[PDB]
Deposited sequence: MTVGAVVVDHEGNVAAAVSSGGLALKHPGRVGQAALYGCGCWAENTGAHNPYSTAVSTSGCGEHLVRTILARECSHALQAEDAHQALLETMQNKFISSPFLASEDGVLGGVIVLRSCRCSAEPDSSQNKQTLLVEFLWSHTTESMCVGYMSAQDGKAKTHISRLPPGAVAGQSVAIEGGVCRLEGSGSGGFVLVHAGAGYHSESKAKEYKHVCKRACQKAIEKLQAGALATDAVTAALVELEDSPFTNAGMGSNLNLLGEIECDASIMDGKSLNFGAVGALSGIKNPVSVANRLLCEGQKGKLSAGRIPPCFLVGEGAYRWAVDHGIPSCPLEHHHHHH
């Protein structure tokens, strides 16, 4: 699973997620990365929502589904202390949730507010051994990547790691901020450099999109395309094969300003599943309500009919 969250120079947020799902899964099994509220969430500041918030989740277990995790995190991040809010959520759902010996997953989040300046707080958290993240603001111009690990002595699925930072943006240009992740799971010293490199490239693509004036959803899509294309990520190319040796992808994207959503489940034969999810969202804005969630052969046919490259 890979994901990204974006805030543009106006404080509009977006989030996306993409996955190959469980290795050897039964054909047609659709997981959290396709499910509204579970895989990602993005919601601009509103009446009962003082922060514009964007969340993308990772893991395996179904625990991301069972708790409607991304939306849960977004709602918890309305509390004053974001670090404490995220930690409490991870602790209650990935250890003590009523909804198993150990719960494995991860999340990236950001929340912004107007101070014209934008205060962006961004965090990542995981109960897996490790998680690779990258982040970048349009004004720093150098993507930062980092491999987050559980401390020495910790036990995956029984402890929570959480880190983050703060970024202050000028709301006057074509800038913004992006945070990505290339997966949460077992630590691998050997491919650490490759994970960091793809997170670096994914951030640079998202920032370049913002700097050309693109929507937050197009910027978060450009990040996920880069993350998908890495043979090392369980999304797009290199997705885990299912029980029959075939690739079936889940992906979704949400726009914080319009609250619109796009998703695909059990999608085969398309190089970049997030591109189809984004196109479903984009066609939803143009619009009977157009579909937001397509699966299987119907999703493939719709992607091809809309000119999304196949593999």
> Tell me, which runs of residues in the deposited sequence have no coordinates at all?
Replying inline: 1, 101 to 103, 120 to 129, 302 to 306, 331 to 339
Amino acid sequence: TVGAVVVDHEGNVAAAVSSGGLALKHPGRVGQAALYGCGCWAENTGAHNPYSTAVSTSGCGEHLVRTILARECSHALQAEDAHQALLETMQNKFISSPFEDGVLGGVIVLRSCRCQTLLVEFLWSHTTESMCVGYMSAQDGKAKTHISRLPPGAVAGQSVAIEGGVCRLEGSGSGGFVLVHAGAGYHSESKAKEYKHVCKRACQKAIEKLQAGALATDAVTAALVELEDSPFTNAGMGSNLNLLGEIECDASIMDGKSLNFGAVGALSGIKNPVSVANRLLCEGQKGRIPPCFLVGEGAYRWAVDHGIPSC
From here on, numbers count along this sequence of modelled residues.
>> Comparing average C-alpha B factors as deposited, tell me which of 170 to 178 and 208 to 216 sits higher.
In response: 170 to 178
> Taking the recorded C-alpha temperature factors, which stretch has the higher mean, 187 to 195 or 67 to 75?
Replying inline: 187 to 195
> Among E246, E62, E43, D250, which residue carries the highest C-alpha B-factor recorded in the PDB entry?
Replying inline: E62
> Of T117, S239, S125, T221, which one's C-alpha B factor is largest in the deposited record?
Replying inline: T117
> By its CA B factor, does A156 count among the lowest, middle or highest third of the modelled residues in the chain?
Replying inline: highest
>> Looking at the temperature factor on the CA atom of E228, which third of the chain's modelled residues does it land in?
In response: lowest
>> Could you place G284 in the lowest, middle or highest third of its chain by Cα temperature factor, using the values in the record?
In response: middle
>> Per the entry's values, where does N234 land by CA temperature factor relative to the rest of its chain, in the lowest, middle or highest third?
In response: lowest
>> When the deposited Cα B-factors of this chain's modelled residues are ordered and cut into thirds, is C311 in the lowest, the middle or the highest one?
In response: highest
